[PDB]
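# Coordinate analysis (summary)
What follows is each chain in one-letter form.
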Amino acid sequence: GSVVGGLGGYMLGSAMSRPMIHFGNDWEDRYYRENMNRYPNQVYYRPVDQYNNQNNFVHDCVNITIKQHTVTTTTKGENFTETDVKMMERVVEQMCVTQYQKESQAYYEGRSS
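What counts as what
Residues numbered from 1 in each chain as written, not as in the entry; some residues may be left out. Heavy atoms only, no water. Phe/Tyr/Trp six-rings, centres within 6.5 Å; stacked < 30°, edge-to-face > 60°. Helix = DSSP H or I, 4+ residues; strand = E, 2+ residues; numbered from the N terminus. Buried < 20%, exposed > 50% of the residue type's maximum accessible area, 1.4 Å probe, protein only. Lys NZ or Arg CZ within 6 Å of the ring centre and 35° of its normal. Contact = heavy atoms within 4.5 Å. Arc of directions from axis to C-beta. Bend = angle between axes of the 7 residues up to and from the residue. Core = buried A, V, L, I, M, F, W, Y, C linked by side-chain atoms within 4.5 Å. Axes fitted to C-alpha atoms, helices over the stretch in contact; angles between N-to-C directions. Parallel < 35°, antiparallel > 145°, perpendicular 65-115°, else oblique. Nonpolar A, V, L, I, M, F, W, Y, C, P; charged D, E, K, R; others polar.

Per the deposited record, determination of this structure is attributed to solution NMR.

This is the structure we're talking about:
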């Protein structure tokens, strides 16, 4: 007995490896490589055939992907900070953006949506 807050049938594409991110700080990439096993390897979005812009798509994808992890286990004792939210964001954004550039094509051969 635990319903969801009411997602509208967002779906999940693929799992892909760690994107080639470059922080220029040892402590930053060192936080990433540790928490490499904390963060998701996957991203959640509505279908490309119901979109018309990427900047909206990124915002919603980052929202929902983080939401479905943060505001899921926070209630079990998982509190994080901007450092964590920015680390996961940099991963979730880089995933979901590159994923949209891939998955749109696999969705869309003509649509013009």
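## Overview of the packing of aromatic side chains
Evaluation of the coordinates by the stated rule reveals five aromatic pairs. Their ring planes at 40 degrees and their centres at 5.3 Å tell us that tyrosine 45 and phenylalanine 57 sit as a pair that is tilted. You can see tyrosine 45 sitting in strand β2 (residues 44-45) and its partner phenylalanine 57 sitting in helix α2 (residues 54-73), a full 12 residues away along the chain. By the burial criterion, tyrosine 45 is buried, and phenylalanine 57 matches it. Taken together, the ring pairs in this structure connect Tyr45, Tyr51, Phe57 and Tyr100 into an aromatic cluster. Over the face of the ring belonging to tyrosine 51 we find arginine 46, whose NZ or CZ atom lies 4.8 Å from the ring centre.

## Some remarks on the side chain of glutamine 99
Tracing the backbone through its elements, the reader meets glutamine 99 in helix α3 (residues 82-107). Classification of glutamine 99 as buried rests on a relative accessible area of 2%. The contact partners of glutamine 99, leaving out residues within four places of it in the chain, are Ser14, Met16, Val43, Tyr45 and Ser104.

## What about helix α1 (residues 26-35)?
Turn by turn, an α-helix covers 3.6 residues, leaving residues three or four places apart pointing in a common direction. Of all the residues in α1, the buried ones are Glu28, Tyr32 and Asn35. Down the axis of α1, the buried set is contained in an arc of 80 degrees. They therefore lie on one face. Opposite the packed face of α1, turned more than 90 degrees from it, sit the exposed residues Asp26, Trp27 and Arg33. In this fold, the buried residues of α1 make contact with α3.

## Quick word on α3
For α3, the principal kink sits at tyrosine 100 and spans about 30 degrees. Along α3, the residues classified as buried are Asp84, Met87, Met88, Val91, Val92, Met95, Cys96, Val97, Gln99, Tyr100 and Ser104. Turning to α3, the residues buried within the fold contact α1, β2 and α2.

## Side note on the nonpolar core
The biggest cluster of nonpolar side chains holds 19 residues, and the ones touching the most others in it are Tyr32, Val43, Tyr45, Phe57, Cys61, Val92 and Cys96. With seven residues, the single largest contributor to this core is α3. Ignoring sequence-local partners within four residues, the contact set of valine 92 consists of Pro40, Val43, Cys61, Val62, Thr65 and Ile66.

## Comments concerning the packing of α1 against α3
Where α1 contacts α3, the two axes come as close as 11 Å, and the packing angle between them is 75 degrees. As judged from the angle between their axes, α1 and α3 are roughly perpendicular. Residue-level contacts link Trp27, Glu28, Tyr31 and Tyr32 of α1 to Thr83, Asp84, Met87 and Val91 of α3. Here the residues of the contact of α1 with α3 are counted per class, giving five nonpolar, one polar and two charged.

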